[PDB]
Every structure is written in C-alpha cells, then in structure tokens.
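Below is one structure, written out as structure tokens; the observations come after it.
Scope of the values below: all heavy atoms of this structure, side chains included, with no hydrogens, waters or symmetry mates. So you know, we letter chains A, B, ... as the sequences are listed, proteins then strands, and number each from 1.
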Amino acid sequence: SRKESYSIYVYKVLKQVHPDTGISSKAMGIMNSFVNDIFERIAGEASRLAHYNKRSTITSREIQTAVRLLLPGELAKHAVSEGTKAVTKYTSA
Amino acid sequence: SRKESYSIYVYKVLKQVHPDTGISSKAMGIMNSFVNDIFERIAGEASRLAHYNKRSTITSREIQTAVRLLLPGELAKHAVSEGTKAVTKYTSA
Amino acid sequence: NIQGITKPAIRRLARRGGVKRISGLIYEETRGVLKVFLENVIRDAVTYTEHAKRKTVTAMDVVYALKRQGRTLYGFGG
Amino acid sequence: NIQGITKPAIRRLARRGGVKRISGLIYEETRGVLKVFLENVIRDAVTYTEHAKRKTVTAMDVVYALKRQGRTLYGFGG
Amino acid sequence: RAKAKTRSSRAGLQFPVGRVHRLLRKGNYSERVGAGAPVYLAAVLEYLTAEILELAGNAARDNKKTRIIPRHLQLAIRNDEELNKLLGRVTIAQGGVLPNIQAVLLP
Amino acid sequence: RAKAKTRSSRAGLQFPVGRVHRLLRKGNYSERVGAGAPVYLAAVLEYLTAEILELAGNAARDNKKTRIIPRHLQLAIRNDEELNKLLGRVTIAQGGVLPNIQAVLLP
Amino acid sequence: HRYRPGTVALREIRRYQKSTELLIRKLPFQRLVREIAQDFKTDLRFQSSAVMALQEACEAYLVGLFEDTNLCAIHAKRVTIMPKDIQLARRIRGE
Amino acid sequence: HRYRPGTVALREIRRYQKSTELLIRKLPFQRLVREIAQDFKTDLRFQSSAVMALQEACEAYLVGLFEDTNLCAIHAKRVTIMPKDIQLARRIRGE
DNA sequence: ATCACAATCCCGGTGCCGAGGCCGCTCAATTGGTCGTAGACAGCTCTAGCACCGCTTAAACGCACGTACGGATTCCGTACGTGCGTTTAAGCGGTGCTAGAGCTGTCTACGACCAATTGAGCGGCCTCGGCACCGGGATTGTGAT
DNA sequence: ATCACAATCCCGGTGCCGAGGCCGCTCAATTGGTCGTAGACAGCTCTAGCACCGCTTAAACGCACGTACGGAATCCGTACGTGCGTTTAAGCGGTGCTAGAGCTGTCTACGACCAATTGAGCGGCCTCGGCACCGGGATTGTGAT
C-alpha cells in the first residue's frame, strides 16, 4: 500500500538551503504534518472566499487573498512574491 | 433580489412551542445566524468524516457522528433521537 | 480619534464587566487594547472588500473577519 | 490508575513549565485536570473509531480528535 | 402524476428538507449526498431551534413580554450549561450579559 | 508528441504542482480550479518549508548537529514571532519548550 | 447626603448588567473605525451596519476582557483593576 | 553539604527545559488511557502510536497549563503554585 | 435604632411603528424515468496488538529535619470615588448630491473531461556515518566557615 | 573571602542503526484534443452612503474633598524543599498467539442527472397591537445622627 508524502520535496528544499544538513524521520514527519496543515488552511479559506463571492472557481487570486488573511506580517509579503513569481514563470513556460 | 432565510420555519416552530409568543426582527436575525452556523459546523464535520474514511457520500451516518462530536451532553442524545425518528418516518413516507 | 473613547465610556464597559474600582492608568491601557483589536478585524474586513473589488466595507465583510478570528457575531447576516 | 501519575511525574511537568515551588494540594488538582482533558480527547477519538467500524483506536483518530479540540499535534501523520 | 408531497411533510418536519439537500449539494462538502442526510440534518436544526425558542419564550414571559428579543435569547443560552458550551465563542448582538457581581465586591 | 515537462519545472519549483492540483480538485474546495492556483499554492508551501528548514538547520549547527530533529524545528518556530503566531495552536511532538525562568524565581 | 465610595459604583454595575445598549458614543467610534481603515485602503466607504457590527464586537470583547481582568485583581487580593491585571488576562488568553 | 531550598528546584527547571523526553512513565499512562476508554467502548484495542500521541498531547497541555499557573502565582506575589492559580488559569483560558 | 431621602421600581395612560398576515407570481422543489458506480459484503492475508515472564537497576516512597515562604497584623498617605457647576458635542431631524452596489446581457477563453503516453514517485533493500553514550577529566557554581 | 565539593559540561573513543541512496515498476501526471459555460466586461439603475446644518439637551469635563484601599513593614509558625535508606515496578528483551486491519473481487441499489410540472417561498404592502416612554406615586435601600 503506497502512502504519498512531501518527504522528497522537503529534502530537495533542505539540500538547497543547507547542502550539508540532513533530517531525522521524526523531523520529516513534523514537516509533512506542517505542509498538510498549511495546505488545508489556505485551500479552506480560498474555498470560503469563492463561495462568499458566488464564484465556482478557485484561482490564483483566491490563493493570494487567503495567504494575506492567514500568513502574519512579512511571511505574507514574501509568500505573495514567491507565488506571483511562480505563476509569471509558469505562464511563460 | 430574493434573499432566502429560515424565518418562516423558525416562526412555525415558535408557534408550536409558544403559540402566543412572537419574535422581533433582531431576534429573528440571531436565529437565522444560529441555524446557518450549526448547519456549517455539522456539514463541515460530516465532510471531514467522509474524507477521513475515503468515502464520496455524506449519509445520515456521517450526520449522526458529526452531531455526537459537536453537540454537548444531552443536546446530542436528543438531537440523535430527533434525526433517527425523522429518517424512519421519511423512509415509510 | 482614539480619545473619543472617553473615560466614562471605558468605565461603563468596566461596570458591565462587573468592575467596582478602576486605576487611573487603565483608560490608556484599554484604548491601546481596543486599537489592536479594531486594527486586526478592520484589516481582514478590508481584505475581503478588496477581494470583492468593492469600495464599500459591508457588514458581511466584518462578520467574516470576526468569524475567522474566532469571534463569531450573530445578528448581522451570519 | 490515576495514581500512576505520581507526584515526581507532576513535579517534572511543573519544572518544564518553569515552576519553582509547588503546594501539596496541586498533585490532586493536576490529576483531576488531566483526567478531564484525557476523557474529552479519548471520547472523540473513540467516536472516530466507531464511525470507521474499527475495534482499534488509531493514531489518526487521536490526531483528528486533538485537531477538532484546537490542539493540533504534528508528528503522528498530521 | 401524483400530487406533490414535500420531503419535509414525509419526515414530519417544519424545517425544509429540499432546501437543506440543495445547500449540502452546492456547499462543496462531498461529491454525493445520501437521501437521509438532509432529513437527519433538518430534524437536528429544528430540534435545536425549538430548544432555544422554548427557553427564550420562557425568559420573555418572565420579563412580562409577549415578543422574544435578543436579550431573551442571550438569557436562554447563557443560563444553560450545554447551550452556553455550544455557543461559547458566539456574540449575540444586543444580548447584554448575565447580572453577576463577585461576592468580595459586595458591601 | 513533445517530451513531458512537469508543471513544477515550468514554474521553477521543487514542490509538486500536479499533485497540489489533484489535491485541490479532490478536496471538495470548489467546483473548478484555475491553472495558476496549484502553481501559486505550491510556491507558498515551498517558501514556508524553506524558511522553517533554513532556521532549523541554523539551530542544528548551533547544537553542533548535522541532522535536523524536532527540537531544532521547535527552536526555529518559537524563536520567530511570525512563525510562532502561525503555529500558535500547534504542538511539535518531542519538541520540548524554550528555556524560560521568571526573573522573580532567580536566587 | 453623600453615598460612600463603592455604593454608586455597585448601582452602576446593576444598571449596565441589566441593559443591552451600546456604551461607546456612536459618532466618535465611527471616526475611529474610519481613521484605522484609512491605513489599509484610501477612499473607503462603510455600510451603516458594518460600523454597527464593529461596535457590537468591540464592546463585547472589552466587557469580556474586563470580566477576566476583575478576576486577576481579586486573585491579587485587590478590588481595583490595574494594567497588570489586563496584561495577565490577555497573556493567559493567548492575545 | 546541603543545598538551600530552591537551588535543586532551579537546577531541575534548567534540566527539563533543555530536554524533550516524556516525563510521565509510559506503562502507568497506558493503563490510565485504557481505563478511561473502557467507559466509552468495551474490548478497545490501541495502536502503540495512538497511546504515544495521547501522551505527547497531555504532557504538552499540562506543561502549558503549569506556565500560566506560575504567572497567576507570581501575580499574587507568591513563588508557590496553588490550586487557586490552576483554577484562575483554566477559567481565563475558557476551560 | 430612627428617620430623611435619593434612587429605583411598578403601574396606568398614551403614541406609533414594526410584527404579522395577505396577495400575486415565479423559481426552485417534486415526480418520473434512466443509468453508472460507490459501497456493502464475503473472503483472505498477515500485521501488529496483546499477554506474559524474568531480571535489573532507576524511580518512587516514606520519613527526618530545617528554614524560607505564606499569611495575618499593623499603619499611613494618597489615589481613587462622589458631587457639582460648566462646557461640549452627540444625537436627531432634515435636505441635497452622487458614488458605487447590484443587476442584466453578451461572448469567449478557460477549465473539465477523455484517451493515450510516460516518467516521477512509491516500496523494498541495504549499508556507512551520525550520534548516543560511556568514562574520565576539567569546569564551575554553591555553600559552610 | 577562601576553600571544599557536588554537579554539570566538554571531549575523545566506540557500537550501531537509521538516514540516505539506489533499483525496478507502476500509477498518476503530462500531451493533445474537444466542448460547454463561468466570468469578465460594458452598460444601466437607483440605493444608500456621505456631507452638512441648526438646535437641544445629555454627556463629558474640570475640580474640590474625603476616605478607603493599596502597599510597605513586621512577625511567626509550619508547609514546603532537600537528603537518605528502602521498596517497587518500569523498562527491556524475548517468546508466543491471534484479533482484526487492510485489501481484493463482485454486484446491486442508490445517487446523479434531466425533463416536465407545480407549489412553497419570496418581495411588496398594509395595518393593528405590543411596547417604549412619560409621569406620578409607592417602595426601598443608604446614610447621618
């Protein structure tokens, strides 16, 4: 039985910010729980925003607004920059 | 622009429990907010239960479990009785 | 505008809270606490307004902001 | 079984909480508080187990129960 | 065809089963909704409303009033341990508070 | 046809855009999901993970360790006002607490 | 005739705990709301009910805080609320 | 040699605030969990990780409560925690 | 105590406005039929939960003793509450102007969906390096003297 | 202060086991095409938000005064912390047994969906009764005397 997780991606990001630093299985479990939790919070807020505005589609605008409502202070500022940069790069393939 | 509300049903129930008692518009607004809030809580918990158990359908079982998790003490006991009685009566038309 | 929250008003709020005696430094402390609370709620309410592309903060925007900060308000459309 | 939560264990928990001095009546009070907390979480965890038609409470059942009581736990599959 | 019979009347309820079903189907809760789910949910909502209204009407009668106002609803909810717990993080507009003075403050 | 290019590589991300898209579509959030929504969400998740991991790796190096453990994650989150606020109601298993003694208790 | 300190205070508690009316003047509160919102977005309009919703929530929040602040004062064997009581209540509440 | 009352207590604070290990014995805690669950459902089995998850949450909750209880004691000019401090902390927390 | 007295409460006696009911209509719920798949159920497989036992120290416990902390008492000045005269501005009503909320029609680009292809991501496995720990020496704060 | 000394810390020196990488494969993501409708946009309509002004008292304010409360100092007994010898049972390792978790195949009843019909529920309107309030008399607690 295969159980999907964000372990591979957390490790990829760790090797970018700290090339010589590893991670324990317990710490990896914390990171997996963290990603899943934040995903739920953002997606749930984006869902509410769409419903409040009588819209049937969750777009990058809903995600951006959810990020501003949930992430505190500069966390929101930098997260919005990252999301906007990614969408721009993706649209130019 | 028509805006649906539970006002008619709250009044029907009020006339059953208190035939000579009326209700102010402000108090009616509180009751409407209450029904909407409880609806969201129960439906949201039922949604989580279905997803946790890898099910695609919200049935009376999910609603019953949500009621047990949200309503405190005898509120849950009596609410479950009411829900079960209604489903039984409905299935026998 | 924060001074519009006068000492008598703060005293009335304390009386409803069952407070019998009040120190003179409480009025400035209360004004600061109220400012923080209002800023938090208004920030979120304006975010909802901007997302709706509106120029008018609605009661619904406020209700949603209160709901997400765990201060659900009944009586204003939810 | 509540007596298995010994005075030394409660003292250790208080030390991690930064407590220097402890009254003798705190041990019984703490046991009562812990019992209430455990009952609340276990009740919900068992509800999830019964809904899944299982006879074994899983770590996920506990995680869900904690999450809905506003005590999200990281490290046990969510 | 046969005369239209509402699902509410089939369940013996005053609350709308058909509307509750639509709200569940369009509320992004699940892919499918069972036939008994709206019936069960409607009955629970009805039971809770009846409980609050009965307690609020009693509070109105105790205040020599014939109409329920937010004050009566607040009195009914805060004077009931279970309703108070259910509506713990809820503010009733124009509901006020329970008359409560600490004994040490008394003359 | 053309060689398969992942949406993650198109967005310059390490996090999976395709998986995030599926989780949004099957998570009962909305009827439809825009093409940019998973890209935006994946980038935000990646940014947050990078922030915590960078701060946790620093804590590991300060403890003369080469592997991050739950303690290092707890240190990184509780020592940052914004991360602490975001994860206020969160318990890190085997994370422990911040060394803090009230000044009045000191000899 | 002069009422002893505390008598009129307790009479005011009884009166305000029986009433449900708003205790902050509406016009000054509206000015504060508009002044605070200006820092988030300029030329902002406000529905009358939006300002009323804000006022109801703020008053409820402050009354609730004053209740917990009072408990802190009584805990320190005082009948007078002080800033340290407000600070403790907020800290324990997580604010 | 005899350490003055308080010296070893502060040494224990330093040691336990630096460690992350569980402070309740595992076997007694498991017995309590099983005894409490018996009242909800009979013949209940428990995953080893389920009991561990419960233990981690309970210890975190009690440590957090002891932190707030300490603040209440200091507020009353005491260095000793008493049941009244636990009661106040829980009341303000909404428990 | 006894009496003034100041504030609240209780009760008729009226204005008035919103609860409450009705009416027309429409849009959303019901009836009926049709079809695809979610889930219940039966059977099987094997994971991991339970039971238990025998040691082996670490932890718990029970008590002895001393002292520092909690609480009761005392005193005293000033920061509060209460009251009153004076100023301020909230509230109300009225009037006028206009931004922008809300809605409708139109039309297109975008998202769902489906088939075909394919490569990332999963488990399974395997193995060296990080780390836990042991021991021993240095370091360092604590306390009697 | 000076010195014992008891506890912690820091650092080599080893076992060991889990982080970490690889491998095979498959299932889920990507490519490509196809089609229906969500939403953006333009235009229009009119609601309600804003601005303002002129009174009219209620509220706010500033101050005077007295006293009750907050806090500082004092004393004292005992409930705590610390230490030590003795008991208890947690932890660990090992072994055995089996409930029940997890999975797969099958098959059917149930839910989605669509067209047709229709009746509950919406706004709009309208109007009497509940209630807010005014005033006046009784009630009642508070405080000087």
Taking for D/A9 and for D/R21 the nucleotide of DNA chain I with the nearest heavy atom, the one nearer the 5' end belongs to D/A9
Here DNA chain J, pairs taken as Watson-Crick or G-U under 3.5 Å and shown with ( ), [ ] when crossing and | when to another strand, reads |||||||||||||||||||||||||||||||||||||||||||||||||||||||||||||||||||||||||||||||||||||||||||||||||||||||||||||||||||||||||||||||||||||||||||||||||
- Item | N/O donor-acceptor pair under 3.5 Å between D/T58 side chain and D/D61 backbone | yes
Here the residues of residues 7-14 of chain G within 4.0 Å heavy-atom distance, strictly under, of DNA chain I are G/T7, G/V8, G/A9, G/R11
ask   = What does G/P28 touch in the nucleic acid at a heavy-atom separation under 4.0 angstrom: a base, only the sugar-phosphate, or nothing?
value = sugar-phosphate
Expected label for I/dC50, using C1'-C2'-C3'-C4' where a positive value gives north and a negative one south, is south
By side chain to side chain donor-acceptor pair (under 3.5 Å), B/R2 pairs with (sequence neighbours left out) B/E4
Side chain to side chain donor-acceptor pair (under 3.5 Å) filter on F/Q94, not counting sequence neighbours, yields H/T20
Walking DNA chain J from its 5' end, the first of E/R25 and E/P16 to be reached, judged by nearest nucleotide, is E/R25
For the backbone of G/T80 and the side chain of G/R78, can you confirm whether one donor and one acceptor N or O come within less than 3.5 Å of each other?
yes
- Task: Using a cut-off of 6.0 Å, state whether more than 12 heavy atoms not belonging to E/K26 lie near its atom NZ.
- Result: no
Residues passing the side chain to side chain donor-acceptor pair (under 3.5 Å) test with G/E21, sequence neighbours excluded, are G/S19
Bounded by its outermost nucleotides with an atom under 4.0 Å from a heavy atom of chain A, the footprint on DNA chain I reads I/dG121 to I/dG123
Note to self: In terms of relative ring orientation, are F/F15 and A/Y9 parallel, tilted or perpendicular, with 30° and 60° separating the classes?
What the structure shows: tilted
Which is true for H/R2 with a 4.0 Å heavy-atom rule: it touches a base, it touches only sugar-phosphate, or it touches nothing? base
Does F/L105 offer a backbone N or O that forms a donor-acceptor pair with the side chain of D/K20 under 3.5 Å? yes
Ring of J/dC131, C1'-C2'-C3'-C4' positive counted as north and negative as south, is tagged south
Next item on the list: For A/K12, report the nucleic acid contact type (base, sugar-phosphate, nothing); a contact means any heavy atom under 4.0 Å.
Entry: sugar-phosphate
With north defined by a positive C1'-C2'-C3'-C4' torsion and south by a negative one, I/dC53 has a sugar that is south
Discussion item. Mind checking if B/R61 touches a base, just sugar-phosphate, or nothing, with heavy atoms under 4.0 Å?
Written reply: nothing
Checklist entry - What nucleic acid atoms does G/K18 come within less than 4.0 Å of, heavy atoms only: base, sugar-phosphate, or nothing? => result sugar-phosphate
Counting the atoms with a prime plus P, OP1 and OP2 as sugar-phosphate, which does F/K64 contact under 4.0 Å by heavy atoms, base, sugar-phosphate, or nothing?
sugar-phosphate
Between H/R45 and C/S23, the residue closer to the 5' end of DNA chain I by nearest nucleotide is H/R45
Checklist entry - Counting only N and O atoms by type, is there a donor-acceptor contact under 3.5 Å from the side chain of G/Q17 to the main-chain atoms of G/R14? => result no
Is the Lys NZ or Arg CZ of H/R11 less than 6.0 Å from the centre of H/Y3's six-membered ring, within 45° of the axis? yes
Output for pair (B/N53 CG, D/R54 CZ), nearest 0.5 Å, gives 7.0 Å
Between B/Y9 and D/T58, whichever has its closest DNA chain J nucleotide further toward 5' is D/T58
>> What contact category does B/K26 fall into here, base, sugar-phosphate, or nothing, at under 4.0 angstrom with non-hydrogen atoms?
In response: nothing
On the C1'-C2'-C3'-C4' criterion (positive north, negative south), the furanose of I/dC84 is south
dist C/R12:CZ -> G/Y16:OH (nearest 0.5 Å) comes out at 5.5 Å
Have a look at F/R32 and say if it touches a base, only the backbone sugar-phosphate, or nothing, with a 4.0 Å heavy-atom cut-off. base
